[PDB]
**Student:** 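I am attaching a structure below and will ask some questions about it afterwards.
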Amino acid sequence: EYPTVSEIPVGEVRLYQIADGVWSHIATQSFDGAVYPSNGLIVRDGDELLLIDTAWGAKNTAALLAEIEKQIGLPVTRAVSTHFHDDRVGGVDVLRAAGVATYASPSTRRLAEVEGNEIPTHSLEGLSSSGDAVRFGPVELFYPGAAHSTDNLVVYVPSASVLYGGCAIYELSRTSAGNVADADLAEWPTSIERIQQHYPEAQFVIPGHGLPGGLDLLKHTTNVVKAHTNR
Ligand SMILES: O=C(O)/C(S)=C/c1c(Cl)ccc(Cl)c1Cl
Ligand SMILES: [Zn+2]
Ligand SMILES: [Zn+2]
Ligand SMILES: [Zn+2]
C-alpha cells in the first residue's frame, strides 16, 4: 500500500498516513537518467503541522504543500531539514515564501550554504554532540553522529513509535551504497548503533528513500555500509 518509485510521476507527491496525525510524503526526482523516490514526514502539532524535509525541489515542494492543503487541511507552521542535500532542503525557499518557519542544525545550514543549496532560516539548538536529543513540538530530534552526512539528524514520533531515519537509513531493497561523497563511512555503523540504543521501541522505521520497515533497516544499512567499506 506504500507508494513505490514507479507509481509516482515526477512533479507529483503522495501522502501516506502512518498513524494518528503522522504521515509520510513521497515524491520522485530524475538524476542522471534514473528516477528516485524520496520520503519525508508530516506530524500533527495540535491544529498545526510539523514538516520534516522538503520533497526534493521547488516544484515538488509546492505540490507537497498543495497536497497537504487538499488532504489534511491544517497549516504547516514549521519545518525541519535533516541534512543539507537538495532532497532535504530543495524547496526551502518555497516553504519560507509560504510562511513556514524553516529549521536545521547550525551544521546543516553552514553545509547548505557552502554547497550553494537553499538555507533553512532558523538554527536548531542542542544537537552539537553525537547522542544529543532535543524536543521540537510533537517529535524528538536526535543527532546520532556522522553517517550519510556529518550533519544528518533522525526524527522520532513518540506518540506512534515512528522512527524517521532519513538518508542515514537505507531501505531493504537497496543492497549497495548510494552516493557517499559526503558520508563518514568509518562512523556510520556507530551512529546507527546510537539510533538503536536510543529508540529500541521503534515500530515503524522510515528511510530517506524507499519503503519503510522495522528496526531491521538499521542493521541492513550497517551491512551495506560495511560492505561498501570493503569495496
Ligand atoms: O543517497 C542519499 O540519500 C542522497 S540525499 C544522495 C545525494 C547526495 Cl550524496 C548528493 C546530492 C543529492 Cl541531490 C543526493 Cl540525492
Ligand atoms: Zn543526502
Ligand atoms: Zn521565523
Ligand atoms: Zn537522500
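In each ligand, atom 1 is the first atom listed, and ligand 1 is the first ligand listed. Every heavy atom of this structure was used, including side-chain atoms; hydrogens, water molecules and symmetry mates were not. We number each residue from 1, following the sequence as shown.
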**Student:** Could you see which bit of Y36 sits under 4.0 Å from ligand 1, with heavy atoms only: side chain, backbone, both or neither?
**Tutor:** neither

**Student:** Do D53 and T82 pair up side chain to side chain, a donor and an acceptor below 3.5 Å, judged on atom types alone?
**Tutor:** yes

**Student:** What protein N/O/S atoms are there under 2.8 Å from the Zn ion (ligand 4), waters excluded?
**Tutor:** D87 OD2, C167 SG, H209 NE2

**Student:** Under 3.5 Å between some N or O of ligand 1 and some N or O of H209?
**Tutor:** yes

**Student:** Within this structure, what is the OH-CD distance for the pair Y36 and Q29, rounded to the nearest 0.5 Å?
**Tutor:** 11.5 Å

**Student:** Hey, does the side chain of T28 reach the backbone of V10 with a donor-acceptor pair shorter than 3.5 angstrom?
**Tutor:** yes

**Student:** Any luck finding a side-chain donor-acceptor pair between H148 and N179 under 3.5 Å?
**Tutor:** no

**Student:** Answer with yes or no whether the side chains of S161 and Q203 bring together a donor and an acceptor at under 3.5 Å.
**Tutor:** no

**Student:** Verify the distance criterion only: is there a donor paired with an acceptor across the side chains of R88 and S38 at less than 3.5 Å?
**Tutor:** yes

**Student:** Is it true that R110 and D151 have a side-chain N and a carboxylate O under 4.0 angstrom from each other?
**Tutor:** no

**Student:** Is the closest side-chain donor-acceptor distance between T190 and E193 under 3.5 Å?
**Tutor:** no

**Student:** Under 4.0 Å and counting heavy atoms only, is there anything from the protein next to atom 2 (C) of ligand 1?
**Tutor:** yes

**Student:** Would you mind checking which non-hydrogen protein atom is closest to atom 7 (C) of ligand 1, with the distance to 0.1 Å?
**Tutor:** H85 ND1, 4.1 Å

**Student:** Please list, in number order, the atoms of ligand 1 under 4.0 Å from a heavy atom of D87.
**Tutor:** 5 (S)

**Student:** What I want to check is whether the side chains of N39 and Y164 have a donor and an acceptor closer together than 3.5 Å.
**Tutor:** no

**Student:** Write out the residue and atom name of the closest protein heavy atom to atom 15 (Cl) of ligand 1, then the distance separating them to 0.1 Å.
**Tutor:** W56 CZ2, 3.5 Å

**Student:** What atoms of ligand 1 come within less than 4.0 Å of a heavy atom belonging to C167?
**Tutor:** 3 (O), 5 (S)

**Student:** Strictly below 4.0 Å, N to O, side chains only: are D93 and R96 in salt-bridge contact?
**Tutor:** yes

**Student:** What are the atoms of ligand 1, with element, lying closer than 4.0 Å to any heavy atom of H148?
**Tutor:** 1 (O), 2 (C), 3 (O), 4 (C), 5 (S), 6 (C), 9 (Cl)

**Student:** Short list, please: which atoms of ligand 1 are under 4.0 Å from a heavy atom of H83?
**Tutor:** 5 (S)

